[PDB]
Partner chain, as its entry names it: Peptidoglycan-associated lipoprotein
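Taking the form deposited without its partner chain, here's one chain by itself in structure tokens.
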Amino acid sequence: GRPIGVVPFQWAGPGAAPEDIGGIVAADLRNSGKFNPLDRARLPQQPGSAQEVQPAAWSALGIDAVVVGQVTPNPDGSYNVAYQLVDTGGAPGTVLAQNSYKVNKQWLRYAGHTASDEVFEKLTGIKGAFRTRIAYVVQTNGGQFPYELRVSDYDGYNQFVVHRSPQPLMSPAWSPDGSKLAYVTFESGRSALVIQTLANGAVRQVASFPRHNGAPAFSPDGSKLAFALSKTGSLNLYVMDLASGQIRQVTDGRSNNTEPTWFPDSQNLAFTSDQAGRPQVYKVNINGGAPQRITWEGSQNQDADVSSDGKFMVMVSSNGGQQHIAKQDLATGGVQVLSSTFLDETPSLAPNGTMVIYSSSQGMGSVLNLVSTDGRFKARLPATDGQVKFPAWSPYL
């Protein structure tokens, strides 16, 4: 990872800042796998601005850039979060980027992810995804409504419940605009696919044919929804035109075809099929043509997620007898196992393709994990009151 210094932000008010901003920026950069922040334990100093920054102390220590900041109170009850990125190495002392934000204590972490998104894109030329969110299902220890569809920042904080249920909920999927979630609920007794508007809580009932309805995915252009129905005896792909409520069948047969994911063209799909025996990933244009297998490595591959630029995909894969999240380059065919935990499942990619969120078993339970797509960084998300599954990473917001 690219060395970088991130200094704890300056605090000027009721002793003890409400949020460690520097800590959030360091975690974000580290989380992407693109940077290696100096441990707070080795910082050669704790400067407060684009002046107290002495390059040789850093510019020397293999760090050609430091982040400094200041968190100051407002009479309005809000706060002012400001950061400055100093260019040691090359032109020591220079300020490469800086900014300041007025936010409520509720949005302190958001201001922290805004700084990191700015610093990340200025230094890497890749748009940051630190202000994104994730959706997931938590089975708590409450008895009436054990299942809860929740949403939080990609890093697990600031979570909120979208919906509580007495019956199982699964496979949330974000609309491309980030305003709605599609998911499967068994509340009515049988499987049902619904779309819920986050702001409103309004729920649109989409499909509840006989049998199982599940694994939804919105096309990137917003005009269609793909999913799998097993009303034919086995799962097959259907796509619904959201502007006309129209539904078309895409695959047919005795084989199971499910877990669709869209290529950037909103016309092609990668999906899981047990056609060849053990699950493998195939691709098909929904307008026509025969599906083509695309995973030839590994004994088994499934539940793919194609990146936003279509350069690669991540999936659940079996290599050397073990199942982990792996990624496959869609141009070269190169494959690389990214995770190393137990029973890795349902991987979802950040909108900039730099991180993947997935679940793994934990004792009798389940938790979420993040692994950078270059494979460098691995971390468990914050624990919550319950076992967690089916994470879905939101598009840019």
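What we label the rigid core is the largest C-alpha set whose atoms superpose within 1.5 Å from one form to the other. Residue numbers count along the first chain shown, from 1.
As for the form solved in complex with its partner chain, it is not shown, yet the points below apply to it.
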Pick from 367-375, 337-345, 34-42, 60-68: which stretch has a heavy atom within 4.5 Å of its partner chain in the entry with it bound?
-> 337-345
The unique member of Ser116, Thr258, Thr88, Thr295 whose heavy atoms fall within 4.5 Å of its partner chain in the entry with it bound = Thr258
As a check of understanding, the residue in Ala173, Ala270, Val184, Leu225 with any heavy atom within 4.5 Å of its partner chain in the entry with it bound should be identified as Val184
Answer for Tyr238 alone: is it within 4.5 Å of its partner chain in the entry with it bound, judged on heavy atom distances?
-> no
In the entry with it bound, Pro220 touching its partner chain (heavy atom, 4.5 Å) | no
Proximity of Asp303 to its partner chain in the entry with it bound, heavy atoms at 4.5 Å = yes
Might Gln167 be said to contact its partner chain in the entry with it bound, defining contact as any heavy atom within 4.5 Å?
-> yes
Does the C-alpha of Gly375 move 2 Å or more between this form and the one not shown once the rigid core is lined up?
-> no
Shift of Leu343 between this form and the one not shown at or above 2 Å (CA, core fit) = no
